[PDB]
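Read the single chain below, which is given as structure tokens and is the form deposited without ligand ATP.
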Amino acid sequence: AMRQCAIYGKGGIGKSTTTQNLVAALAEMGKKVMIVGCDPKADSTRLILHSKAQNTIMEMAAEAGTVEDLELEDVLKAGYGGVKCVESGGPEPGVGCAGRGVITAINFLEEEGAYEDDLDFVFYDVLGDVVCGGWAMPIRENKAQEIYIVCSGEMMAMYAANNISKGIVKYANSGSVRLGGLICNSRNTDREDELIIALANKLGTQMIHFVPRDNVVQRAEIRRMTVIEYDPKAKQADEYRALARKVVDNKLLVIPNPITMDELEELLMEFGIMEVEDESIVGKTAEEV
């Protein structure tokens, strides 16, 4: 039974690297996996193919006229561990919906029989910042059931997590789209693990793993590869195996409970990211104080 999963989360926090390393650990583990990149930047398959950039469905459709004109052998490319790799391409700037380009991509693969063909996992690496109806479309068209949110102990990455959660709550009644957990991509701030566990508890899910900051990640990715391929017996490689193992074994799939902005700030203030604001100096110049 093929499990359709998605990795949602905002940019700049290392989401695609973690998606690729998790998927690599999962292929070393014997699983047949396909990565379908949905971020505007083509970064989701590079570490698997040792690529500078993969050719997207969007740019190859621009070349061949319409999407139907290209062959699957030009879209799907296998890399390390025989992990199949698709990159759908970003919205074409100024026009086009990010959501339409993503379902355009999904439907091409369905017809070309990429899903049917023996596969244990499908991972869509989707942008989850502003969860508009477009970036919410993999959830609405029920193309991904198990959503894992990459985030960190930072205000905007936590806010993005809560928005992705609100997205899932919106379509709870229409299907089987559920939140499988939070992955914390460490930024080495002090109470980060506890903070993301606290957020996961308010949301009704867990922190399925803490991925630490390790320089081997950078050493591996500068060679355009995952830590699993690069240095299989590193400390970090077992972190990715521990994440890959918990994902496989995961049964905690839920409808989350989104928190308010005040509650997001309570959690940030008590774990020391946010300072408590002093009411008395608001609106007052350096003259008054």
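Numbering starts at 1 and runs along the sequence shown.
Peer 1: With respect to the recorded C-alpha B factors, which stretch has the higher mean value, 66-74 or 52-60?
Peer 2: Going by the record's values, the stretch with the higher mean is 66-74.
Peer 1: Going by the average Cα B-factor in the PDB entry, point out whether 104-112 or 201-209 comes out higher.
Peer 2: 104-112 has the higher mean C-alpha B-factor.
Peer 1: Would you mind finding, among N163, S176, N185, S88, the residue with the largest C-alpha temperature factor in the entry?
Peer 2: Most elevated C-alpha B-factor of the set, per the entry: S176.
Peer 1: Just say lowest, middle or highest third for the CA B-factor of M34 relative to the other modelled residues in its chain.
Peer 2: CA B-factor rank for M34: middle third.
Peer 1: Lowest, middle or highest third of the chain for the C-alpha temperature factor of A24?
Peer 2: For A24, whose C-alpha B-factor we compare with every modelled residue in the chain, the answer is the middle third.
Peer 1: Relative to the other modelled residues in the chain, which third contains the C-alpha temperature factor of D118: lowest, middle or highest?
Peer 2: Highest third of the chain for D118's C-alpha B-factor.
Peer 1: Classify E192 as lowest, middle or highest third according to the C-alpha B-factor given in the PDB entry, relative to its own chain.
Peer 2: Highest third.
Peer 1: According to the PDB entry, is the CA B factor of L47 in the bottom, middle or top third of its chain, that is, lowest, middle or highest?
Peer 2: Lowest third, going by the recorded CA B-factors of the chain.
Omitted here: the form solved in complex with ligand ATP. The next part is about that form.
Peer 1: Indicate whether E229 is a 4.5 Å heavy atom neighbour of ligand ATP in the deposited complex.
Peer 2: No, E229 stays farther than 4.5 Å from ligand ATP in the deposited complex.
Peer 1: Look up in the deposited complex whether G12 has a non-hydrogen atom within 4.5 angstroms of ligand ATP, and give yes or no.
Peer 2: Although ligand ATP is absent here, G12 would touch it in the deposited complex, with heavy atoms inside 4.5 Å.
Peer 1: Should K41 be counted as a contact of ligand ATP in the deposited complex, where contact means heavy atoms within 4.5 Å?
Peer 2: Yes, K41 lies within 4.5 Å of ligand ATP in the deposited complex.
Peer 1: Test of understanding: in the deposited complex, would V211 fall inside 4.5 Å of ligand ATP by heavy atoms?
Peer 2: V211 belongs to the contact set for ligand ATP.
Peer 1: Work out which of the listed stretches, 28-36, 251-259, 232-240, 63-71, brings a heavy atom within 4.5 angstroms of ligand ATP in the deposited complex.
Peer 2: Among the candidates, contact is made by 232-240.
Peer 1: Please tell me whether the candidate spot formed by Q4, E141 and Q145 is one where all three residues come within 4.5 Å of ligand ATP in the deposited complex (heavy atoms).
Peer 2: Negative, none of the three is within 4.5 Å.
Peer 1: Let me know the one among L195, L203, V217, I168 whose heavy atoms come within 4.5 Å of ligand ATP in the deposited complex, would you?
Peer 2: Only one option qualifies, and that one is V217.
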